[PDB]
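Student: File protein-v4.pdb below, PDB, C-alpha atoms:
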```pdb
ATOM      1  CA  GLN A   1       2.802   1.941   8.643  1.00  0.00           C
ATOM      2  CA  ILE A   2       3.097   5.740   8.793  1.00  0.00           C
ATOM      3  CA  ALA A   3       2.956   6.104   5.011  1.00  0.00           C
ATOM      4  CA  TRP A   4      -0.118   3.869   4.850  1.00  0.00           C
ATOM      5  CA  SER A   5      -1.825   5.753   7.688  1.00  0.00           C
ATOM      6  CA  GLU A   6      -1.200   9.154   6.100  1.00  0.00           C
ATOM      7  CA  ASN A   7      -2.359   7.898   2.694  1.00  0.00           C
ATOM      8  CA  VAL A   8      -5.581   6.486   4.149  1.00  0.00           C
ATOM      9  CA  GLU A   9      -6.202   9.652   6.174  1.00  0.00           C
ATOM     10  CA  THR A  10      -5.765  11.859   3.102  1.00  0.00           C
ATOM     11  CA  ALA A  11      -7.960   9.611   0.949  1.00  0.00           C
ATOM     12  CA  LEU A  12     -10.743   9.537   3.551  1.00  0.00           C
ATOM     13  CA  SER A  13     -10.540  13.312   4.000  1.00  0.00           C
ATOM     14  CA  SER A  14     -10.862  13.794   0.237  1.00  0.00           C
ATOM     15  CA  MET A  15     -13.734  11.292   0.029  1.00  0.00           C
ATOM     16  CA  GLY A  16     -15.582  13.157   2.802  1.00  0.00           C
ATOM     17  CA  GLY A  17     -17.706  15.047   0.291  1.00  0.00           C
ATOM     18  CA  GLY A  18     -20.457  12.434   0.284  1.00  0.00           C
ATOM     19  CA  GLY A  19     -18.471   9.651  -1.359  1.00  0.00           C
ATOM     20  CA  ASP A  20     -16.395  11.485  -3.973  1.00  0.00           C
ATOM     21  CA  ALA A  21     -15.669   8.536  -6.302  1.00  0.00           C
ATOM     22  CA  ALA A  22     -13.129   6.165  -4.679  1.00  0.00           C
ATOM     23  CA  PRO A  23      -9.439   7.161  -4.454  1.00  0.00           C
ATOM     24  CA  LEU A  24      -9.008   4.521  -1.724  1.00  0.00           C
ATOM     25  CA  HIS A  25      -8.851   1.875  -4.458  1.00  0.00           C
ATOM     26  CA  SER A  26      -5.608   3.427  -5.705  1.00  0.00           C
ATOM     27  CA  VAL A  27      -4.176   3.231  -2.185  1.00  0.00           C
ATOM     28  CA  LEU A  28      -5.301  -0.386  -1.965  1.00  0.00           C
ATOM     29  CA  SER A  29      -3.814  -1.039  -5.397  1.00  0.00           C
ATOM     30  CA  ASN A  30      -0.582   0.584  -4.231  1.00  0.00           C
ATOM     31  CA  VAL A  31      -0.369  -1.826  -1.305  1.00  0.00           C
ATOM     32  CA  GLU A  32      -1.031  -4.798  -3.564  1.00  0.00           C
ATOM     33  CA  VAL A  33       1.600  -3.563  -6.008  1.00  0.00           C
ATOM     34  CA  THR A  34       4.138  -3.250  -3.209  1.00  0.00           C
ATOM     35  CA  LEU A  35       3.083  -6.647  -1.888  1.00  0.00           C
ATOM     36  CA  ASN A  36       3.662  -8.173  -5.316  1.00  0.00           C
ATOM     37  CA  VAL A  37       7.251  -6.918  -5.324  1.00  0.00           C
ATOM     38  CA  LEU A  38       7.792  -8.508  -1.921  1.00  0.00           C
ATOM     39  CA  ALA A  39       6.227 -11.736  -3.175  1.00  0.00           C
ATOM     40  CA  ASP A  40       8.803 -11.594  -5.968  1.00  0.00           C
ATOM     41  CA  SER A  41      11.773 -10.567  -3.811  1.00  0.00           C
ATOM     42  CA  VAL A  42      11.512 -13.309  -1.169  1.00  0.00           C
ATOM     43  CA  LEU A  43      11.935 -16.267  -3.551  1.00  0.00           C
ATOM     44  CA  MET A  44      15.519 -15.334  -4.454  1.00  0.00           C
ATOM     45  CA  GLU A  45      18.480 -15.734  -2.110  1.00  0.00           C
ATOM     46  CA  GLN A  46      18.845 -12.956   0.461  1.00  0.00           C
ATOM     47  CA  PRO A  47      20.928 -12.206   3.545  1.00  0.00           C
ATOM     48  CA  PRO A  48      19.160 -13.257   6.757  1.00  0.00           C
ATOM     49  CA  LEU A  49      18.655  -9.664   7.933  1.00  0.00           C
TER      50      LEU A  49
END
```
Kindly return the structure encoded in the file as structure tokens.
Tutor:
Amino acid sequence: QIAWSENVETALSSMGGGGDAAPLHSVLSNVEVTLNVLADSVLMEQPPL
């Protein structure tokens, strides 16, 4: 949560110049990428913790 919050804060601060392109997409992509790994890592067998 902290990493996501800092990333979004930095991206919004950078974008503050009247919509400077869209770095937020990268952040969003990052989340999706991470999510994909989780969606791949839950199918296998894992310890309960």
Student: Find the spatial neighbours of residue 4 of chain A, counting all atoms listed in the file, within a cut-off of 12 Å - ignore same-chain residues fewer than 3 positions away - and output them as an MDAnalysis selection string.
Tutor: chainID A and resid 1 7:11 24 26:31 34
Student: Output C-alpha atoms for every residue in the selection just made, as a PDB file, in the coordinates of the input.
Tutor:
```
ATOM      1  CA  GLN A   1       2.802   1.941   8.643  1.00  0.00           C
ATOM      2  CA  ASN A   7      -2.359   7.898   2.694  1.00  0.00           C
ATOM      3  CA  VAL A   8      -5.581   6.486   4.149  1.00  0.00           C
ATOM      4  CA  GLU A   9      -6.202   9.652   6.174  1.00  0.00           C
ATOM      5  CA  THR A  10      -5.765  11.859   3.102  1.00  0.00           C
ATOM      6  CA  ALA A  11      -7.960   9.611   0.949  1.00  0.00           C
ATOM      7  CA  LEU A  24      -9.008   4.521  -1.724  1.00  0.00           C
ATOM      8  CA  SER A  26      -5.608   3.427  -5.705  1.00  0.00           C
ATOM      9  CA  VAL A  27      -4.176   3.231  -2.185  1.00  0.00           C
ATOM     10  CA  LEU A  28      -5.301  -0.386  -1.965  1.00  0.00           C
ATOM     11  CA  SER A  29      -3.814  -1.039  -5.397  1.00  0.00           C
ATOM     12  CA  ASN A  30      -0.582   0.584  -4.231  1.00  0.00           C
ATOM     13  CA  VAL A  31      -0.369  -1.826  -1.305  1.00  0.00           C
ATOM     14  CA  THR A  34       4.138  -3.250  -3.209  1.00  0.00           C
TER      15      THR A  34
END
```
Student: What is the atom CA of residue 17 of chain A-atom CA of residue 5 of chain A distance in Å, reported with one decimal?
Tutor: 19.8 Å
Student: Quote the spacing between atom CA of residue 33 of chain A and atom CA of residue 16 of chain A in Å to one decimal place.
Tutor: 25.5 Å
Student: Between atom CA of residue 12 of chain A and atom CA of residue 36 of chain A, what distance in Å does the model show, to one decimal?
Tutor: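 Here the two named atoms are 24.5 Å from each other.
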Student: Extract segment 9-23 of chain A from the structure I just pasted (atoms: N, CA, C and O atoms) and return it as a PDB file, in the first residue's frame.
Tutor:
```pdb
ATOM      1  N   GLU A   9       1.432   9.314  -5.785  1.00  0.00           N
ATOM      2  CA  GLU A   9       1.710  10.696  -5.412  1.00  0.00           C
ATOM      3  C   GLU A   9       2.761  11.307  -6.331  1.00  0.00           C
ATOM      4  O   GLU A   9       2.597  12.431  -6.820  1.00  0.00           O
ATOM      5  N   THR A  10       3.848  10.573  -6.583  1.00  0.00           N
ATOM      6  CA  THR A  10       4.896  11.083  -7.462  1.00  0.00           C
ATOM      7  C   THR A  10       4.380  11.278  -8.883  1.00  0.00           C
ATOM      8  O   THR A  10       4.675  12.296  -9.525  1.00  0.00           O
ATOM      9  N   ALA A  11       3.603  10.318  -9.390  1.00  0.00           N
ATOM     10  CA  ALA A  11       3.079  10.435 -10.746  1.00  0.00           C
ATOM     11  C   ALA A  11       2.138  11.626 -10.877  1.00  0.00           C
ATOM     12  O   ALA A  11       2.187  12.358 -11.873  1.00  0.00           O
ATOM     13  N   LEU A  12       1.273  11.840  -9.883  1.00  0.00           N
ATOM     14  CA  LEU A  12       0.349  12.968  -9.940  1.00  0.00           C
ATOM     15  C   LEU A  12       1.085  14.293  -9.798  1.00  0.00           C
ATOM     16  O   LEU A  12       0.704  15.289 -10.426  1.00  0.00           O
ATOM     17  N   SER A  13       2.133  14.333  -8.972  1.00  0.00           N
ATOM     18  CA  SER A  13       2.938  15.545  -8.867  1.00  0.00           C
ATOM     19  C   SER A  13       3.619  15.866 -10.190  1.00  0.00           C
ATOM     20  O   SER A  13       3.655  17.028 -10.613  1.00  0.00           O
ATOM     21  N   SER A  14       4.168  14.849 -10.857  1.00  0.00           N
ATOM     22  CA  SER A  14       4.799  15.070 -12.154  1.00  0.00           C
ATOM     23  C   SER A  14       3.780  15.514 -13.197  1.00  0.00           C
ATOM     24  O   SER A  14       4.058  16.401 -14.012  1.00  0.00           O
ATOM     25  N   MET A  15       2.589  14.911 -13.182  1.00  0.00           N
ATOM     26  CA  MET A  15       1.560  15.234 -14.163  1.00  0.00           C
ATOM     27  C   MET A  15       0.956  16.617 -13.936  1.00  0.00           C
ATOM     28  O   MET A  15       0.230  17.114 -14.804  1.00  0.00           O
ATOM     29  N   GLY A  16       1.266  17.261 -12.813  1.00  0.00           N
ATOM     30  CA  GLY A  16       0.635  18.514 -12.440  1.00  0.00           C
ATOM     31  C   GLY A  16       0.777  19.640 -13.443  1.00  0.00           C
ATOM     32  O   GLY A  16       0.001  20.600 -13.414  1.00  0.00           O
ATOM     33  N   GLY A  17       1.757  19.541 -14.338  1.00  0.00           N
ATOM     34  CA  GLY A  17       1.957  20.562 -15.347  1.00  0.00           C
ATOM     35  C   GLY A  17       0.944  20.520 -16.473  1.00  0.00           C
ATOM     36  O   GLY A  17       1.316  20.417 -17.646  1.00  0.00           O
ATOM     37  N   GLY A  18      -0.338  20.606 -16.131  1.00  0.00           N
ATOM     38  CA  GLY A  18      -1.385  20.622 -17.141  1.00  0.00           C
ATOM     39  C   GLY A  18      -1.497  19.347 -17.949  1.00  0.00           C
ATOM     40  O   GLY A  18      -1.648  19.404 -19.175  1.00  0.00           O
ATOM     41  N   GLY A  19      -1.428  18.194 -17.288  1.00  0.00           N
ATOM     42  CA  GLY A  19      -1.548  16.925 -17.977  1.00  0.00           C
ATOM     43  C   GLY A  19      -0.340  16.585 -18.824  1.00  0.00           C
ATOM     44  O   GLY A  19      -0.437  16.496 -20.051  1.00  0.00           O
ATOM     45  N   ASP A  20       0.808  16.390 -18.178  1.00  0.00           N
ATOM     46  CA  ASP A  20       2.055  16.074 -18.873  1.00  0.00           C
ATOM     47  C   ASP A  20       2.050  14.595 -19.236  1.00  0.00           C
ATOM     48  O   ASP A  20       2.522  13.744 -18.478  1.00  0.00           O
ATOM     49  N   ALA A  21       1.511  14.292 -20.418  1.00  0.00           N
ATOM     50  CA  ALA A  21       1.402  12.927 -20.951  1.00  0.00           C
ATOM     51  C   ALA A  21       0.637  12.085 -19.928  1.00  0.00           C
ATOM     52  O   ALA A  21      -0.377  12.556 -19.396  1.00  0.00           O
ATOM     53  N   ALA A  22       1.074  10.863 -19.624  1.00  0.00           N
ATOM     54  CA  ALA A  22       0.364  10.027 -18.666  1.00  0.00           C
ATOM     55  C   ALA A  22       1.279   8.957 -18.085  1.00  0.00           C
ATOM     56  O   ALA A  22       1.189   7.785 -18.474  1.00  0.00           O
ATOM     57  N   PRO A  23       2.175   9.313 -17.158  1.00  0.00           N
ATOM     58  CA  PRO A  23       2.968   8.283 -16.468  1.00  0.00           C
ATOM     59  C   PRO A  23       2.136   7.346 -15.611  1.00  0.00           C
ATOM     60  O   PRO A  23       2.581   6.218 -15.355  1.00  0.00           O
TER      61      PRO A  23
END
```
